[PDB]
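Per the deposited numbering, residue 1 is the first one in the sequence shown, and the count goes up by one each step.
Each residue gets a CB set at the ideal place from its N, CA and C atoms; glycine is no exception.
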Amino acid sequence: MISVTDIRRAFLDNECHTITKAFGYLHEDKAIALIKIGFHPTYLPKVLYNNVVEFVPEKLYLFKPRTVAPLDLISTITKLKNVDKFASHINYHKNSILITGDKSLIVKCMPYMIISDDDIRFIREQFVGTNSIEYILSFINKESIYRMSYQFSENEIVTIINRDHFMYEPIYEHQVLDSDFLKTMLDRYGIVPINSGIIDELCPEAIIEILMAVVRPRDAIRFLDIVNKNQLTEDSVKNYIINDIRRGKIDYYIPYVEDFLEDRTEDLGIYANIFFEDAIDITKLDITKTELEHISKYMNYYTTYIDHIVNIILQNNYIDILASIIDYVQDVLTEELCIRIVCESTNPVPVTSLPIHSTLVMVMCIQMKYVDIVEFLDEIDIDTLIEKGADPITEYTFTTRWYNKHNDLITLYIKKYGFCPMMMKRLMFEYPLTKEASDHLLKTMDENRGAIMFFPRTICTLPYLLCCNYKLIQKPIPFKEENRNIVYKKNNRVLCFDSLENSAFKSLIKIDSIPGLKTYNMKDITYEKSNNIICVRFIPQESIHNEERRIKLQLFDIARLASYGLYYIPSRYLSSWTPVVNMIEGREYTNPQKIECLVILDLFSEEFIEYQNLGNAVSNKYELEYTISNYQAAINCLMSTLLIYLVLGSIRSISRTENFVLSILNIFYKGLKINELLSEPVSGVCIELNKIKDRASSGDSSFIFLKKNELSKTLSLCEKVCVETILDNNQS
Numbered sequence: 001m002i003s004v005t006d007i008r009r010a011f012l013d014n015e016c017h018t019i020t021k022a023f024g025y026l027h028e029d030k031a032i033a034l035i036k037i038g039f040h041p042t043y044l045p046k047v048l049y050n051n052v053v054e055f056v057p058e059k060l061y062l063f064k065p066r067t068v069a070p071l072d073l074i075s076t077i078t079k080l081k082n083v084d085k086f087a088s089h090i091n092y093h094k095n096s097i098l099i100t101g102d103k104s105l106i107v108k109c110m111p112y113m114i115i116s117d118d119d120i121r122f123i124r125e126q127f128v129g130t131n132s133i134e135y136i137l138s139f140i141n142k143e144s145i146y147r148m149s150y151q152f153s154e155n156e157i158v159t160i161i162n163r164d165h166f167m168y169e170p171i172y173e174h175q176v177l178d179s180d181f182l183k184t185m186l187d188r189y190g191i192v193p194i195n196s197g198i199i200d201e202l203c204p205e206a207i208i209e210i211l212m213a214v215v216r217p218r219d220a221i222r223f224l225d226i227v228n229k230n231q232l233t234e235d236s237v238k239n240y241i242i243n244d245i246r247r248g249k250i251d252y253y254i255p256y257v258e259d260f261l262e263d264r265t266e267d268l269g270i271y272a273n274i275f276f277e278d279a280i281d282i283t284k285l286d287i288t289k290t291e292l293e294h295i296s297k298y299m300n301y302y303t304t305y306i307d308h309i310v311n312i313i314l315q316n317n318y319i320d321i322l323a324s325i326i327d328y329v330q331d332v333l334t335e336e337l338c339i340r341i342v343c344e345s346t347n348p349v350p351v352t353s354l355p356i357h358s359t360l361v362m363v364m365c366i367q368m369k370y371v372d373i374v375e376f377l378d379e380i381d382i383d384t385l386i387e388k389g390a391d392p393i394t395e396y397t398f399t400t401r402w403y404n405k406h407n408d409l410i411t412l413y414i415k416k417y418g419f420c421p422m423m424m425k426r427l428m429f430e431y432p433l434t435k436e437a438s439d440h441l442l443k444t445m446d447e448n449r450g451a452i453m454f455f456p457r458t459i460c461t462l463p464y465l466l467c468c469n470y471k472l473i474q475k476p477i478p479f480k481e482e483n484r485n486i487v488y489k490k491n492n493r494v495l496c497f498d499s500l501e502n503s504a505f506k507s508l509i510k511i512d513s514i515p516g517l518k519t520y521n522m523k524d525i526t527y528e529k530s531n532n533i534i535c536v537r538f539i540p541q542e543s544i545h546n547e548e549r550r551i552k553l554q555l556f557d558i559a560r561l562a563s564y565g566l567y568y569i570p571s572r573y574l575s576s577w578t579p580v581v582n583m584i585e586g587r588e589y590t591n592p593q594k595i596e597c598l599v600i601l602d603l604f605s606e607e608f609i610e611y612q613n614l615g616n617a618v619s620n621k622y623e624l625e626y627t628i629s630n631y632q633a634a635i636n637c638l639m640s641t642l643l644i645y646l647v648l649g650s651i652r653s654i655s656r657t658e659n660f661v662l663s664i665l666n667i668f669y670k671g672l673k674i675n676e677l678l679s680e681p682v683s684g685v686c687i688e689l690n691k692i693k694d695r696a697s698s699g700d701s702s703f704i705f706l707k708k709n710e711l712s713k714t715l716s717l718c719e720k721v722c723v724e725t726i727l728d729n730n731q732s
């Protein structure tokens, strides 16, 4: 459990109403320490302003913009790369920032400043004679344009659209543009010319093509309005719009239909009533499932016929359609139907939209992993929820008032997250707790110190172990004298490096010193130098012919290298998958959307990085918001490699998937020198894996596509292997 002694002392001895207020009564030294690591309220009292400016300036945004001094603000954001959090400060002090005349400063601040016609006059004054005017203005935001009278020149508009393509949207509805300029922007940037500057009469084909290309409904409306002022609308255009309405594209055309298609309501059929109140009696029409899907978003126009529609839905078992109109059928929903919806619908419905909150409905929502199970507490007590397997501590719950209505939910929040600084920060500071709720929270955490509240399941979960802030101990490399009968390639290989300090060079040499590797072996290493450059000549191990054996033996080597402090970032397979970050922040995580390879390459192709530099390499490779430790980066690399070797390895495997998962994960243990065998149930994992295996033959693509939440059991097994990796490391 996170310690709360000091902040609870502050909360009680000053009779605060919120933990935010109590934070301000901490000793300035403790407050500043907490502020540095991000454990702070959303704002700070003025007494701390000088300490923040001196000791942690990047956190000045925690003061009201009026409280911050323009010099302090400008000194801070000059140093920072990301100033998103200073947006309201930057806007409030825009005049101070303009007066500086600093090109780099102004350009960094433009996306957050609401720029006025006067401000534009100041920029053209301070920068006349330089390339900078069209450069500075190219960083303007859509908010400035909406409130602006100024009109961009064409050069400005190009510079702006080169910097951010979709800035054409505010520009195109801000000002009248030359019609040849609109054509040039279409031929060259593919921008659809939706602007009042359209002057030439367009052929029926041209109108149909522009409609087929627009995406936002407001652009279709605008286009048609402009065009109708230039020319009459053809029967060819009218026909396409009716057929587009039949394809579900409705919002695009509501003004148009109401003004020009009044005499085509029989062609519009069931859709006509969206445009003309009760225009067609739909009971006399043959209604298709597709037509009901399209009008589901438009049911407020079919309330005259709501019974007929509901009846078609129930008679044809259109449960997804029933779910999509659930707000209109509250009176019809029996417990039986409520259950059907929960089990059969593609996407969940809100528990508040189910009028029946029986235990039976609740266990179906638990089975379907509904995120809003807490809403059954109007009928069912928290103990029955927990006994029946509910987890009400979700993101959904945080958007409700339930934490103030029920101190048992705050206790459950602590049991799930009391060790997790980011999640406790969120409840302590970013949730509108009551005095009594705030008191219960700090009391419960203070009287349950240590690990007792997380025993015996949570203390052995990966997120819990990531927040103990352990270390992975590296083992020293044993003496090597290679006696094995290794088959080497009949050709040598040369790798060159800019210097001998090169970390990749240093790890290649270290890996050569490591005994007992199965795939990463090298013969007859010679050196050649040219000033700083160092080249390594060597004869690589011949590749293992059996692909399944090769993949198993590569994971052994990965485990053995990790035990000695050498890791690799699997970014060629999972370019953005950092589940460790989710875990230490208390956020749920799921599988990546794809594996960017089909073939597991040999380990010679990867760059192995020292543990001591791993936190920095991982955070840079994945462009993380903040730098994670070497420990947490090591866990991410293992989690990534395990997922890749299980999924990709399965695909290329010829043995029974149950024996593959069990033997390659035991192979991983052996590389770690863990003497106990892995013995986990893999039946549920193998069903997930075999599904993906079957798409990989049918797909025929350059990547392996993974469906959302398809690998939950495989991920819990990757987690369990990492947990055992950490616990065994901590015994040594």
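Query - Selected residue, minimal CA-CA separation from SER236, among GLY248, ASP225, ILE221 and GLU205 - result: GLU205
**Report entry** Alpha-carbon spacing of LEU433 relative to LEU412, whole angstroms
**Finding:** 15 Å
Requested in this report: Kindly list the residues whose CB is nearer than 8 Å to the CB of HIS357, restricted to its own chain and excluding five residues on each side of it in sequence; keep chain order.
Outcome: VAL351, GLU375, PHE376, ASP378, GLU379 and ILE380
Query - Cβ-based neighbour list, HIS89, same chain, cut-off 7 Å, excluding 5 preceding and 5 following - result: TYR61, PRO65, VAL68 and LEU73
Requested in this report: Alpha carbon to alpha carbon, how far is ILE35 from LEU48? Give it in angstroms, no decimals.
Outcome: 10 Å
Query raised in the report: Residue ranges of each alpha helix (DSSP H) run of no fewer than 4 residues wholly in the segment 412–481, ordered along the chain?
Result: 421–429, 435–446 and 462–467
Query raised in the report: For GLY190, which of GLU209, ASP84, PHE275 and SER196 has the nearest alpha-carbon?
Result: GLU209
Requested in this report: Along the alpha helix (DSSP H) that carries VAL581, what are the first and last residues, could you check?
Outcome: 579–584
Query raised in the report: With DSSP run on the structure shown, which of helix, strand or coil describes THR384?
Result: helix
Query raised in the report: Could you give the uninterrupted runs of the alpha helix (DSSP H) lying entirely in the segment 15–45, keeping only those of 4 residues or more?
Result: 19–24 and 28–36
Query raised in the report: From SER605 to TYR645, what does the alpha carbon distance come to, in whole angstroms?
Result: 16 Å
**Report entry** Terminal residues of the alpha helix (DSSP H) in which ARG264 lies
**Finding:** Where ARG264 is concerned, there is no enclosing alpha helix (DSSP H), given that its DSSP letter is neither H nor E.
**Report entry** Exposure of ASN273, with buried meaning 16 or more beta-carbon neighbours within 10 Å
**Finding:** buried
Query raised in the report: Exposed or buried, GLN330, counting other C-beta atoms within 10 Å across all chains shown (16 or more means buried)?
Result: exposed
Query raised in the report: By Cβ distance below 7 Å, which residues in the same chain neighbour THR725 in space, the five residues on each side in sequence not counted?
Result: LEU638 and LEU672
Query - Within the segment 210–280, ranges of the beta strand (DSSP E) (whole runs, at least 3 residues) - result: none
Query raised in the report: Going by DSSP, which residues form a beta bridge with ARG537?
Result: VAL494 and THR526
**Report entry** Three-way DSSP call (helix, strand, coil) for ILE2 in this model
**Finding:** coil
Query - Start and end residues, alpha helix (DSSP H) containing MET185 - result: 179–189
Query raised in the report: Are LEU662 and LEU642 touching if we call contact CB-CB under 9 Å?
Result: no
Requested in this report: For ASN630, count neighbouring C-beta atoms within 10 Å of its own C-beta (all shown protein chains included) and say buried if the count is 16 or more, exposed if not.
Outcome: buried
Query raised in the report: Does the Cβ of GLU688 have 16 or more other Cβ atoms within 10 Å, making it buried, or fewer, making it exposed?
Result: buried
Query raised in the report: Whose C-beta lies closer than 6 Å to the C-beta of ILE382 among residues of the same chain, with five residues either side of it excluded?
Result: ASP408
Query - Limits of the alpha helix (DSSP H) - the one that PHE505 falls within - result: 503–512
Requested in this report: Using DSSP bridges, identify the partner residues of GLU610.
Outcome: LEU566
Query raised in the report: Does DSSP put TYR626 in a helix, a strand or coil?
Result: coil
**Report entry** Helix, strand or coil at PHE139 [DSSP, three-state]
**Finding:** coil
Report task. Ignore the nearest five residues each way along the sequence and tell me which others in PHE705's own chain have a CB closer than 8 Å to its CB. Result -> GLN593, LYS594, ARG695 and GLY699
Query raised in the report: Exposed or buried, which one is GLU528 when buried takes at least 16 other CB atoms within 10 Å?
Result: exposed
Query raised in the report: Is the distance from the Cβ of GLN474 to the Cβ of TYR564 below 9 Å?
Result: yes
Requested in this report: Assign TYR328 to one of three DSSP states: helix, strand, or coil.
Outcome: helix
Query - Sequence-distant residues of its chain with Cβ nearer than 6 Å to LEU495 (five each side left out) - result: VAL536
**Report entry** Buried versus exposed call for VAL685 [16 or more other C-beta atoms within 10 Å across all chains shown]
**Finding:** buried
Query raised in the report: Which term fits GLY389, buried or exposed, when burial requires 16 or more other beta carbons within 10 angstroms of its beta carbon?
Result: exposed
Query raised in the report: According to DSSP, is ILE595 helix, strand or coil?
Result: strand
Query raised in the report: Cα-Cα, which of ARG218, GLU291 and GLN126 is closest to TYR256?
Result: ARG218
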